[PDB]
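A.B. asks: I have a structure here, written as structure tokens, and I will follow up with some questions on it.
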Amino acid sequence: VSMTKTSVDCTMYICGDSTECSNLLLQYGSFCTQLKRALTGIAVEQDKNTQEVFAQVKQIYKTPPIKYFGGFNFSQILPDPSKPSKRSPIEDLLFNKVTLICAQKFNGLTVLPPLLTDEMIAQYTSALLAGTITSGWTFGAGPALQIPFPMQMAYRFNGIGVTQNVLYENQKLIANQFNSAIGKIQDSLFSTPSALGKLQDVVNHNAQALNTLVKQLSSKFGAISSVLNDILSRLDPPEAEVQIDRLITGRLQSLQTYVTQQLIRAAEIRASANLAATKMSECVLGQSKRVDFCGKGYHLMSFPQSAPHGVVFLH
Amino acid sequence: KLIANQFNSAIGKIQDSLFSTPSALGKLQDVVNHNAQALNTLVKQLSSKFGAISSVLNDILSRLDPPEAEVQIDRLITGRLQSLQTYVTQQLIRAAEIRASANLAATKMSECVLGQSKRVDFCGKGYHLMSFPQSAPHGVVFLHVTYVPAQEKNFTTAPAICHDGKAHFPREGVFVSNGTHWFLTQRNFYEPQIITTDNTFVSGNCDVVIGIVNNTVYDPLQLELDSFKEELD
Amino acid sequence: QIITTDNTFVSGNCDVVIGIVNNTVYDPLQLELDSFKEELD
Amino acid sequence: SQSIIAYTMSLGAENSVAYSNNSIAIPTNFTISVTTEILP
Ligand SMILES: *[C@@H]1O[C@H](CO)[C@@H](O[C@@H]2O[C@H](CO)[C@@H](O[C@@H]3O[C@H](CO)[C@@H](O)[C@H](O)[C@@H]3O)[C@H](O)[C@H]2NC(C)=O)[C@H](O)[C@H]1NC(C)=O
Ligand SMILES: *[C@@H]1O[C@H](CO)[C@@H](O[C@@H]2O[C@H](CO)[C@@H](O[C@@H]3O[C@H](CO)[C@@H](O)[C@H](O)[C@@H]3O)[C@H](O)[C@H]2NC(C)=O)[C@H](O)[C@H]1NC(C)=O
Ligand SMILES: *[C@@H]1O[C@H](CO)[C@@H](O[C@@H]2O[C@H](CO)[C@@H](O[C@@H]3O[C@H](CO)[C@@H](O)[C@H](O)[C@@H]3O)[C@H](O)[C@H]2NC(C)=O)[C@H](O)[C@H]1NC(C)=O
Ligand SMILES: *[C@@H]1O[C@H](CO)[C@@H](O[C@@H]2O[C@H](CO)[C@@H](O)[C@H](O)[C@H]2NC(C)=O)[C@H](O)[C@H]1NC(C)=O
Ligand SMILES: *[C@@H]1O[C@H](CO)[C@@H](O[C@@H]2O[C@H](CO)[C@@H](O)[C@H](O)[C@H]2NC(C)=O)[C@H](O)[C@H]1NC(C)=O
Ligand SMILES: *[C@@H]1O[C@H](CO)[C@@H](O[C@@H]2O[C@H](CO)[C@@H](O)[C@H](O)[C@H]2NC(C)=O)[C@H](O)[C@H]1NC(C)=O
Ligand SMILES: *[C@@H]1O[C@H](CO)[C@@H](O)[C@H](O)[C@H]1NC(C)=O
Ligand SMILES: *[C@@H]1O[C@H](CO)[C@@H](O)[C@H](O)[C@H]1NC(C)=O
Ligand SMILES: *[C@@H]1O[C@H](CO)[C@@H](O)[C@H](O)[C@H]1NC(C)=O
């Protein structure tokens, strides 16, 4: 759903604490401004993506204190009030699997926090779960109208060409199969390290992009040295300007490459977030007839779960 | 009449909302502003020297002989070519974003305007009824007409009615009670009806469904029969 | 198809719907009843 | 008077739904709503 929000001090990356370099940098025009706007736009877009995927509910819905829904056990998807952060067992597992002093990459590169905290995302997920569980499909379309859960499921069965009496006669079987499947979801995610690979890949790509951008500072690009302090310490301005312009060219090209690839990744993340928001509206806030859109089989219902930089749907 | 009046009021509200809210069309103004920025930046970059003695080629050629001018010109060529490459790359990225938006707009035109969609929140908030396109500079504005439930009432329900050893289920609706009598209603609009053998279907006995309640299910044919030969002879 | 009580449903009286027209709606059960005891005795 | 304040943002109003084994809410009225979607 979202990407790490970065910010780059162009002058401090290219010309860190060097007035002579900064003055030479001024002769290239407004490149630092274009890069700054591009990264700001990406940073704003990531919060827009999170807001569009999770902030789809007008109100924060709560479940009853008596968590009995016809025999359907939702305790592994609903928030656990005992633990701090009020996340569900599955959400805690999802957050545990994916991994203010600027200790690393202190070369003008900073990371901005998201506008919504993990707790706020968990609160939106909890509201969505409470709405679907207690109000069915009416929650998404307007006011939340309470319906007994087994009758919500019977309606959802009618939605797939199965009569209501099939569910009522087999209600215990359906509840047991549901509870078993949820336990299987927890075992699958717990025991399979690769299950959340898409989100770890997003984290790894952002980590690579920043590690590469910082490592490029050590390159000489034809200069006598990669360190501006050594060039200014050793040479007079007229020779230093040549060595500095070689370093400026190399660092500016490195920043242009970084920003271009962040824009491409931002577009990919935006497309993913738009898909996630569409699925949230069509799978969680309703019942979908689109084949394989909301899981394998005939769709009955979906439940969102928060994950680092993303969303996990249980179909 | 109520539906027509609510529609007409909502349309007037659309005009007042767009007229009085300058930010309502921000997405299209943002596209215009981004293209204006990209071109203003591309032109402004021509004034940069990029290490040259001057940003103007006429002054370099007026002042220097070809062999020195070639060096100053190559500094300016490098700077201008990189500026053009940056502009074109960002236009390609913006073009991809606009293409995705246009594809979404075309999908919405086909599914919201040329039909009726069951995709939740695809064609506006509420249950979709219809949509109307409007042209806008560099874009499209869709007016989405939806049905929004209102004034819900709190009723007692049951999954089935037990009549004489048989479980009766709604064919198209939900069973409700006002506290004294059971009725069958449609789910999205309260309209109580008598529970009959035409409104419901029978499957199984009364000992299987959890939460089944006892109520009379009326059969028209039996009632007519019980009147038809009442005299007997 | 012939308009009957099986093809249609009834809700409200005739004074509410705008553009309602007058036509016979056929009920099979009444017709059979009107033939079933036609002799009477 | 007026000043700039900082606060933790609200996510929405709270709504405790009266869920029960045998309770259903059913609309007795409706609203026709017109909304606007703008796309480049
Ligand atoms: C809904 O399901 C949950 C579990 O799926 C029920 O709660 C309890 O869950 C734990 C595991 O989370 C079950 O195993 C226990 O694990 C602990 C681990 O330390 C162990 O010490 C215990 O001896 C036990 O093995 C536990 O059995 C389960 N509770 C019961 C009564 O089975 C929850 O009760 C379910 N809700 C409903 C309404 O049935
Ligand atoms: C439709 O399929 C379900 C399974 O998805 C059938 O229910 C399953 O029935 C078997 C017996 O044939 C159950 O196994 C038994 O479970 C008890 C548990 O105490 C155990 O003591 C027995 O030794 C045996 O293992 C199985 O648990 C049960 N599964 C569920 C989820 O209820 C169902 O009967 C099938 N219906 C038809 C009409 O074929
Ligand atoms: C369902 O809701 C609609 C509103 O969306 C109800 O219609 C509204 O009814 C009120 C009266 O209760 C009308 O207010 C009156 O309007 C006349 C106009 O001349 C005015 O003179 C009165 O003093 C009063 O203000 C309101 O205009 C009307 N709205 C519309 C759009 O017709 C409707 O009655 C509700 N139905 C049920 C069954 O609750
Ligand atoms: C539940 O609905 C029934 C049906 O309308 C109500 O009983 C009717 O009340 C009207 C009041 O004008 C009478 O004219 C009908 O003859 C009654 N019908 C029957 C079969 O009794 C009943 O009072 C309602 N109960 C509640 C609590 O609202
Ligand atoms: C619906 O009516 C049936 C009778 O037609 C009820 O069944 C009886 O319930 C009593 C409860 O004390 C038993 O003692 C009888 O033996 C039952 N008779 C039969 C034939 O089953 C049934 O309990 C009623 N259901 C409800 C919810 O009131
Ligand atoms: C449908 O038939 C009814 C009669 O069954 C018509 O109602 C009559 O209309 C005339 C019009 O001049 C009135 O004078 C009568 O008093 C009405 N009688 C009743 C009982 O309403 C009705 O107008 C017919 N509709 C159409 C469209 O022809
Ligand atoms: C600021 O420093 C103090 C100690 O000097 C520490 O207790 C506090 O947590 C720090 N705040 C942040 C945001 O790091
Ligand atoms: C619905 O009615 C029951 C009593 O039959 C009541 O306890 C419940 O609070 C009502 N629902 C609401 C939302 O007030
Ligand atoms: C629904 O029925 C179960 C039956 O065990 C009961 O425990 C639960 O409290 C009931 N729910 C409500 C809201 O009364």
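Residue numbering restarts at 1 in every chain; chains get A, B, ... in the order shown in the structure tokens, and ligands count up from 1 in that same order.
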Residues within 12 Å of ligand 3 (only C-alpha atoms and all ligand atoms), as a PyMOL selection string?

C.D. replies: (chain B and resi 1-10+147-153+189-191) or (chain D and resi 27-33)

A.B. asks: Mind writing the picked residues with N, CA and C atoms as a PDB file, in the first residue's frame?

C.D. replies:
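Okay, selection.pdb is ready:
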```
ATOM      1  N   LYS B   1     -42.727  10.866  -7.011  1.00  0.00           N
ATOM      2  CA  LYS B   1     -42.561  12.307  -6.840  1.00  0.00           C
ATOM      3  C   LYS B   1     -41.438  12.609  -5.863  1.00  0.00           C
ATOM      4  N   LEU B   2     -41.352  11.831  -4.784  1.00  0.00           N
ATOM      5  CA  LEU B   2     -40.291  12.026  -3.807  1.00  0.00           C
ATOM      6  C   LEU B   2     -38.937  11.781  -4.452  1.00  0.00           C
ATOM      7  N   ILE B   3     -38.837  10.728  -5.262  1.00  0.00           N
ATOM      8  CA  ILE B   3     -37.572  10.376  -5.898  1.00  0.00           C
ATOM      9  C   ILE B   3     -37.149  11.482  -6.857  1.00  0.00           C
ATOM     10  N   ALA B   4     -38.090  11.974  -7.668  1.00  0.00           N
ATOM     11  CA  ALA B   4     -37.767  13.053  -8.595  1.00  0.00           C
ATOM     12  C   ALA B   4     -37.347  14.319  -7.857  1.00  0.00           C
ATOM     13  N   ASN B   5     -38.005  14.627  -6.735  1.00  0.00           N
ATOM     14  CA  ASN B   5     -37.652  15.835  -5.998  1.00  0.00           C
ATOM     15  C   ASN B   5     -36.284  15.698  -5.343  1.00  0.00           C
ATOM     16  N   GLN B   6     -35.975  14.513  -4.813  1.00  0.00           N
ATOM     17  CA  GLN B   6     -34.670  14.303  -4.202  1.00  0.00           C
ATOM     18  C   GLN B   6     -33.575  14.375  -5.252  1.00  0.00           C
ATOM     19  N   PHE B   7     -33.843  13.836  -6.442  1.00  0.00           N
ATOM     20  CA  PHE B   7     -32.873  13.916  -7.522  1.00  0.00           C
ATOM     21  C   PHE B   7     -32.614  15.367  -7.900  1.00  0.00           C
ATOM     22  N   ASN B   8     -33.684  16.146  -8.094  1.00  0.00           N
ATOM     23  CA  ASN B   8     -33.520  17.530  -8.527  1.00  0.00           C
ATOM     24  C   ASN B   8     -32.778  18.346  -7.473  1.00  0.00           C
ATOM     25  N   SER B   9     -33.066  18.081  -6.197  1.00  0.00           N
ATOM     26  CA  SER B   9     -32.377  18.782  -5.122  1.00  0.00           C
ATOM     27  C   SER B   9     -30.900  18.430  -5.134  1.00  0.00           C
ATOM     28  N   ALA B  10     -30.592  17.141  -5.295  1.00  0.00           N
ATOM     29  CA  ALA B  10     -29.202  16.711  -5.319  1.00  0.00           C
ATOM     30  C   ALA B  10     -28.444  17.354  -6.474  1.00  0.00           C
ATOM     31  N   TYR B 147     -28.719   5.126  -4.398  1.00  0.00           N
ATOM     32  CA  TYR B 147     -29.785   4.916  -3.429  1.00  0.00           C
ATOM     33  C   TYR B 147     -29.118   4.723  -2.076  1.00  0.00           C
ATOM     34  N   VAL B 148     -29.459   5.567  -1.105  1.00  0.00           N
ATOM     35  CA  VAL B 148     -28.870   5.515   0.225  1.00  0.00           C
ATOM     36  C   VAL B 148     -29.982   5.166   1.209  1.00  0.00           C
ATOM     37  N   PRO B 149     -29.899   4.047   1.935  1.00  0.00           N
ATOM     38  CA  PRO B 149     -30.929   3.734   2.930  1.00  0.00           C
ATOM     39  C   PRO B 149     -31.016   4.805   4.010  1.00  0.00           C
ATOM     40  N   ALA B 150     -32.226   5.041   4.524  1.00  0.00           N
ATOM     41  CA  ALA B 150     -32.397   6.037   5.571  1.00  0.00           C
ATOM     42  C   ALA B 150     -33.518   5.632   6.518  1.00  0.00           C
ATOM     43  N   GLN B 151     -33.436   6.171   7.737  1.00  0.00           N
ATOM     44  CA  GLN B 151     -34.456   6.002   8.773  1.00  0.00           C
ATOM     45  C   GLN B 151     -34.723   4.532   9.088  1.00  0.00           C
ATOM     46  N   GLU B 152     -33.665   3.800   9.417  1.00  0.00           N
ATOM     47  CA  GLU B 152     -33.829   2.392   9.749  1.00  0.00           C
ATOM     48  C   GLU B 152     -34.618   2.226  11.040  1.00  0.00           C
ATOM     49  N   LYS B 153     -35.435   1.175  11.080  1.00  0.00           N
ATOM     50  CA  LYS B 153     -36.187   0.796  12.266  1.00  0.00           C
ATOM     51  C   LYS B 153     -35.684  -0.547  12.787  1.00  0.00           C
ATOM     52  N   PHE B 189     -35.963  -2.217   2.190  1.00  0.00           N
ATOM     53  CA  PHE B 189     -37.051  -1.257   2.363  1.00  0.00           C
ATOM     54  C   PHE B 189     -38.150  -1.912   3.177  1.00  0.00           C
ATOM     55  N   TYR B 190     -38.515  -1.315   4.306  1.00  0.00           N
ATOM     56  CA  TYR B 190     -39.528  -1.938   5.146  1.00  0.00           C
ATOM     57  C   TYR B 190     -40.884  -1.871   4.459  1.00  0.00           C
ATOM     58  N   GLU B 191     -41.495  -3.032   4.291  1.00  0.00           N
ATOM     59  CA  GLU B 191     -42.783  -3.191   3.641  1.00  0.00           C
ATOM     60  C   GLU B 191     -43.367  -4.502   4.150  1.00  0.00           C
TER      61      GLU B 191
ATOM     62  N   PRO D  27     -34.283  -0.299   6.673  1.00  0.00           N
ATOM     63  CA  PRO D  27     -34.652   1.061   6.257  1.00  0.00           C
ATOM     64  C   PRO D  27     -36.151   1.236   6.070  1.00  0.00           C
ATOM     65  N   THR D  28     -36.692   2.319   6.629  1.00  0.00           N
ATOM     66  CA  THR D  28     -38.081   2.689   6.395  1.00  0.00           C
ATOM     67  C   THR D  28     -38.199   3.849   5.415  1.00  0.00           C
ATOM     68  N   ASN D  29     -37.076   4.421   4.981  1.00  0.00           N
ATOM     69  CA  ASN D  29     -37.065   5.529   4.041  1.00  0.00           C
ATOM     70  C   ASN D  29     -35.774   5.423   3.238  1.00  0.00           C
ATOM     71  N   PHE D  30     -35.586   6.349   2.306  1.00  0.00           N
ATOM     72  CA  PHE D  30     -34.378   6.350   1.502  1.00  0.00           C
ATOM     73  C   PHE D  30     -34.091   7.766   1.035  1.00  0.00           C
ATOM     74  N   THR D  31     -32.848   7.973   0.624  1.00  0.00           N
ATOM     75  CA  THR D  31     -32.382   9.223   0.053  1.00  0.00           C
ATOM     76  C   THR D  31     -31.768   8.931  -1.307  1.00  0.00           C
ATOM     77  N   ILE D  32     -32.056   9.785  -2.278  1.00  0.00           N
ATOM     78  CA  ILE D  32     -31.380   9.731  -3.564  1.00  0.00           C
ATOM     79  C   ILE D  32     -30.221  10.700  -3.432  1.00  0.00           C
ATOM     80  N   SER D  33     -29.009  10.202  -3.645  1.00  0.00           N
ATOM     81  CA  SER D  33     -27.801  10.986  -3.460  1.00  0.00           C
ATOM     82  C   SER D  33     -27.053  11.079  -4.773  1.00  0.00           C
TER      83      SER D  33
END
```

A.B. asks: Ligand 6: which residues are within 7 Å, counting only C-alpha atoms and all ligand atoms, as a PyMOL selection string?

C.D. replies: chain C and resi 20-22

A.B. asks: Could those selected residues go to a file with N, CA, C and O atoms, as a PDB file, in the first residue's frame?

C.D. replies:
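After the write, again_28.pdb holds the following:
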```pdb
ATOM      1  N   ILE C  20     -51.161   4.174 -14.637  1.00  0.00           N
ATOM      2  CA  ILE C  20     -51.744   2.844 -14.527  1.00  0.00           C
ATOM      3  C   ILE C  20     -52.885   2.714 -15.527  1.00  0.00           C
ATOM      4  O   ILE C  20     -53.632   3.671 -15.766  1.00  0.00           O
ATOM      5  N   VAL C  21     -53.015   1.529 -16.123  1.00  0.00           N
ATOM      6  CA  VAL C  21     -54.050   1.254 -17.111  1.00  0.00           C
ATOM      7  C   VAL C  21     -54.956   0.142 -16.605  1.00  0.00           C
ATOM      8  O   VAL C  21     -54.585  -0.660 -15.746  1.00  0.00           O
ATOM      9  N   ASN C  22     -56.164   0.109 -17.161  1.00  0.00           N
ATOM     10  CA  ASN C  22     -57.174  -0.878 -16.802  1.00  0.00           C
ATOM     11  C   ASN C  22     -57.059  -2.093 -17.714  1.00  0.00           C
ATOM     12  O   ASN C  22     -57.142  -1.964 -18.940  1.00  0.00           O
TER      13      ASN C  22
END
```

A.B. asks: Find the spatial neighbours of residue 82 of chain B, counting only C-alpha atoms, within a cut-off of 12 Å - ignore same-chain residues fewer than 5 positions away - and output them as a short mmCIF file (atom, residue, chain, number, x, y, z; two decimals) with N, CA and C atoms, in the first residue's frame.

C.D. replies:
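Wrote it out as around_17.cif, contents follow:
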```
data_model
loop_
_atom_site.label_atom_id
_atom_site.label_comp_id
_atom_site.auth_asym_id
_atom_site.auth_seq_id
_atom_site.Cartn_x
_atom_site.Cartn_y
_atom_site.Cartn_z
N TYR A 28 24.30 24.99 -12.25
CA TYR A 28 23.54 23.96 -12.95
C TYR A 28 22.05 24.25 -12.94
N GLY A 29 21.63 25.36 -12.35
CA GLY A 29 20.23 25.71 -12.34
C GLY A 29 19.47 24.94 -11.28
N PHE A 31 18.19 22.07 -10.49
CA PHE A 31 18.03 20.61 -10.46
C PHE A 31 17.63 20.13 -9.07
N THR A 249 29.17 16.56 -10.93
CA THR A 249 28.53 15.84 -12.03
C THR A 249 28.17 14.43 -11.59
N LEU A 252 25.28 14.52 -8.88
CA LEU A 252 24.00 14.95 -9.42
C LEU A 252 23.39 13.86 -10.29
N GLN A 253 24.22 13.16 -11.08
CA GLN A 253 23.69 12.05 -11.85
C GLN A 253 23.21 10.93 -10.94
N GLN A 256 19.84 11.96 -9.75
CA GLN A 256 18.82 11.88 -10.79
C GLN A 256 18.40 10.43 -11.00
N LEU B 42 12.02 23.77 -17.82
CA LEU B 42 12.83 23.47 -18.99
C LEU B 42 13.32 24.74 -19.67
N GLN B 45 16.06 26.55 -17.46
CA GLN B 45 17.39 25.93 -17.50
C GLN B 45 18.27 26.49 -18.60
N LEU B 46 17.70 27.13 -19.63
CA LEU B 46 18.53 27.70 -20.69
C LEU B 46 19.41 28.84 -20.19
N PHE B 50 26.24 26.17 -16.61
CA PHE B 50 26.79 24.82 -16.55
C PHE B 50 28.31 24.82 -16.64
N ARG B 75 30.00 22.44 -22.97
CA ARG B 75 29.46 22.52 -21.61
C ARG B 75 27.98 22.88 -21.66
N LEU B 76 27.61 23.81 -22.56
CA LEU B 76 26.20 24.17 -22.66
C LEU B 76 25.38 23.04 -23.27
N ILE B 77 25.94 22.31 -24.24
CA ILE B 77 25.21 21.20 -24.85
C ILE B 77 24.94 20.14 -23.81
N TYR B 87 13.27 16.33 -18.59
CA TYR B 87 11.91 16.70 -18.96
C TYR B 87 11.18 15.53 -19.62
N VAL B 88 11.80 14.88 -20.60
CA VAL B 88 11.14 13.79 -21.31
C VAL B 88 10.86 12.62 -20.37
N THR B 89 11.81 12.28 -19.50
CA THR B 89 11.58 11.18 -18.56
C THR B 89 10.39 11.48 -17.66
#
```

A.B. asks: Any residue with an atom at most 8 Å from ligand 4 counts, using only C-alpha atoms and all ligand atoms. Which are they? Put them as a ChimeraX atom specification.

C.D. replies: /B:177-182

A.B. asks: Taking only C-alpha atoms and all ligand atoms into account, which residues have an atom no farther than 9 Å from ligand 9? I'd like them as a count of residues only.

C.D. replies: 13

A.B. asks: Near segment 281-284 of chain A, counting only C-alpha atoms, which residues have an atom at most 6 Å away, once you skip same-chain residues fewer than 2 positions from it, shown as number ranges by chain?

C.D. replies: A: 278-279, 286-288, 294, 302-303; B: 119-120

A.B. asks: Among chain C, which ones does DSSP assign to alpha helix (DSSP H) (computed from the backbone)? Answer as an mmCIF file with C-alpha atoms, in the first residue's frame.

C.D. replies:
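Result went into states_27.cif, see below:
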```
data_model
loop_
_atom_site.group_PDB
_atom_site.id
_atom_site.type_symbol
_atom_site.label_atom_id
_atom_site.label_comp_id
_atom_site.auth_asym_id
_atom_site.auth_seq_id
_atom_site.Cartn_x
_atom_site.Cartn_y
_atom_site.Cartn_z
ATOM 1 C CA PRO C 28 -56.345 -19.580 -12.574
ATOM 2 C CA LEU C 29 -57.702 -20.737 -9.228
ATOM 3 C CA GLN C 30 -60.884 -18.672 -9.459
ATOM 4 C CA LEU C 31 -61.566 -19.912 -13.004
ATOM 5 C CA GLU C 32 -61.204 -23.540 -11.953
ATOM 6 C CA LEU C 33 -63.481 -22.899 -8.970
ATOM 7 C CA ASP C 34 -66.088 -21.291 -11.248
ATOM 8 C CA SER C 35 -66.102 -24.492 -13.339
ATOM 9 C CA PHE C 36 -65.540 -27.038 -10.534
#
```

A.B. asks: Produce a table with one row for each residue of chain A that has an atom at most 10 Å from any atom of ligand 2, each row naming the nearest atom pair and its distance in Å at one decimal; use only C-alpha atoms and all ligand atoms; arrange rows by chain and rising residue number; format as JSON lines.

C.D. replies:
```
{"residue": "A:170", "atom": "CA", "partner": "ligand 2", "partner_atom_place_in_ligand_line": "36 (N)", "distance": 8.9}
{"residue": "A:172", "atom": "CA", "partner": "ligand 2", "partner_atom_place_in_ligand_line": "32 (O)", "distance": 7.6}
{"residue": "A:173", "atom": "CA", "partner": "ligand 2", "partner_atom_place_in_ligand_line": "32 (O)", "distance": 4.9}
{"residue": "A:174", "atom": "CA", "partner": "ligand 2", "partner_atom_place_in_ligand_line": "31 (C)", "distance": 7.5}
{"residue": "A:175", "atom": "CA", "partner": "ligand 2", "partner_atom_place_in_ligand_line": "31 (C)", "distance": 8.4}
{"residue": "A:176", "atom": "CA", "partner": "ligand 2", "partner_atom_place_in_ligand_line": "31 (C)", "distance": 5.4}
{"residue": "A:177", "atom": "CA", "partner": "ligand 2", "partner_atom_place_in_ligand_line": "31 (C)", "distance": 5.2}
{"residue": "A:178", "atom": "CA", "partner": "ligand 2", "partner_atom_place_in_ligand_line": "31 (C)", "distance": 8.9}
{"residue": "A:179", "atom": "CA", "partner": "ligand 2", "partner_atom_place_in_ligand_line": "31 (C)", "distance": 9.4}
{"residue": "A:180", "atom": "CA", "partner": "ligand 2", "partner_atom_place_in_ligand_line": "31 (C)", "distance": 8.0}
```
